[PDB]
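Working notes for the structure below.
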Amino acid sequence: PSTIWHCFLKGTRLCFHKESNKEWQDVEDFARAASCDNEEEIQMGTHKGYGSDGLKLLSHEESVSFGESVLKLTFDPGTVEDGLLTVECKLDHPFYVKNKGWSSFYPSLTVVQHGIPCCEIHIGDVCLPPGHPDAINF
């Protein structure tokens with residue numbers, strides 16, 4: 001799949017409490033902001049670093065955003081003290097769950113929508129990004 005950031009597709013909304021981005025941004029927005037993977041010379045922090053090992057689902061809410069039903073997951077980079085990452089995505093959003101592979105909340109729907117047969121996730125399942133050595137089949 002063509003992810004914009006981490007294991008997230010386009011049409012996903014990002015909110016890292018690590019930043020002042022307390023409100024909903026697009027993936028393409030943060031991906032664009034973090035276009036440089038390090039501004040060590042100017043402003044350190046800008047990096048595809050948050051969630052480099054994985055995003056562990058802490059809690060989940062199913063809400064309706066602007067008329068669209070969404071999957072809201074509060075993620076953990078391992079030490080959430082970096083900043084809680086909250087995401088509103090579609091019901092058919094595939095998540096590369098560690099040890100399991102491509103998993104989702106509505107796997108029967110996910111495969112119909114993205115053509116990817118997915119496993120059932122569980123609260124506390126960590127999601128891996130493309131390039132992570134533990135993500136065997138991304």
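Every chain in the structure tokens takes a letter, A first, then B, and so on in the order presented; its residues are numbered from 1, and the ligands are numbered from 1 following the presented order.
The residue set within 12 Å of residue 3 of chain A, counting only C-alpha atoms and dropping same-chain residues fewer than 5 places from it, reads residues 8, 9, 10, 11, 12, 27, 28, 31, 93, 94, 95, 96, 128, 129, 130, 131 and 138 of chain A.
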Report task. Could you find all residues in segment 22-86 of chain A that DSSP calls helix (DSSP H, G or I) from the backbone, and write them as a ChimeraX atom specification? Result -> /A:27-33,80-82
Residue selection dump (C-alpha atoms) as a PDB file, in the first residue's frame:
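Output file again_10.pdb is given in full below:
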ATOM      1  CA  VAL A  27      -1.501  12.811   6.943  1.00  0.00           C
ATOM      2  CA  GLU A  28      -0.334  14.678   3.891  1.00  0.00           C
ATOM      3  CA  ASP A  29      -0.110  17.714   6.151  1.00  0.00           C
ATOM      4  CA  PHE A  30       2.298  16.243   8.700  1.00  0.00           C
ATOM      5  CA  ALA A  31       4.086  14.307   5.967  1.00  0.00           C
ATOM      6  CA  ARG A  32       4.621  17.633   4.189  1.00  0.00           C
ATOM      7  CA  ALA A  33       5.714  19.392   7.379  1.00  0.00           C
ATOM      8  CA  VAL A  80       3.530   7.608  25.266  1.00  0.00           C
ATOM      9  CA  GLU A  81       5.177  10.363  27.282  1.00  0.00           C
ATOM     10  CA  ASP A  82       6.577  11.600  23.963  1.00  0.00           C
TER      11      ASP A  82
END
Can you tell me which residues surround segment 112-118 of chain A at a distance of at most 8 Å, considering only C-alpha atoms, apart from same-chain residues fewer than 2 positions away, and format the answer as a PDB file with C-alpha atoms, in the first residue's frame?
ATOM      1  CA  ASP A  92     -11.672  -0.312   6.393  1.00  0.00           C
ATOM      2  CA  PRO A  94      -5.627  -1.665   7.421  1.00  0.00           C
ATOM      3  CA  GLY A 101       0.431  -8.816   9.982  1.00  0.00           C
ATOM      4  CA  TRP A 102      -2.221  -6.832   8.149  1.00  0.00           C
ATOM      5  CA  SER A 103      -5.089  -6.535  10.599  1.00  0.00           C
ATOM      6  CA  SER A 104      -8.205  -4.378  10.919  1.00  0.00           C
ATOM      7  CA  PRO A 107     -11.420  -7.353   7.985  1.00  0.00           C
ATOM      8  CA  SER A 108     -14.255  -8.597   5.786  1.00  0.00           C
ATOM      9  CA  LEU A 109     -14.695  -5.000   4.630  1.00  0.00           C
ATOM     10  CA  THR A 110     -10.988  -4.129   4.453  1.00  0.00           C
ATOM     11  CA  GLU A 120      -8.656  -9.094  13.732  1.00  0.00           C
TER      12      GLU A 120
END
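Residue nearest residue 17 of chain A, chosen from A:39, A:76, A:68, A:53 and counting only C-alpha atoms: A:76.
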Residues at most 12 Å from residue 132 of chain A, counting only C-alpha atoms, excluding those fewer than 5 positions away in the same chain, as a tab-separated table (two decimals) with C-alpha atoms, in the first residue's frame?
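Output saved as result_0.tsv:
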chain	number	residue	atom	x	y	z
A	6	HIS	CA	3.78	5.31	8.97
A	7	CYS	CA	1.12	2.65	8.33
A	49	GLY	CA	10.85	9.25	14.43
A	51	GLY	CA	6.36	5.60	16.04
A	52	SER	CA	9.52	4.33	14.40
A	53	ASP	CA	9.25	1.08	16.33
A	54	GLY	CA	5.52	0.92	16.33
A	55	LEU	CA	2.23	2.42	17.44
A	96	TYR	CA	0.05	-3.72	10.20
A	97	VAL	CA	-0.21	-5.33	13.62
A	98	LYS	CA	3.01	-6.67	15.10
A	127	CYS	CA	1.17	-1.14	14.30
A	137	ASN	CA	5.19	-8.34	4.48
A	138	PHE	CA	4.33	-4.69	3.93
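Remark: for residue 60 of chain A, the closest of the candidate residues A:122, A:18, A:100, A:48 is A:122 (distances computed over only C-alpha atoms).
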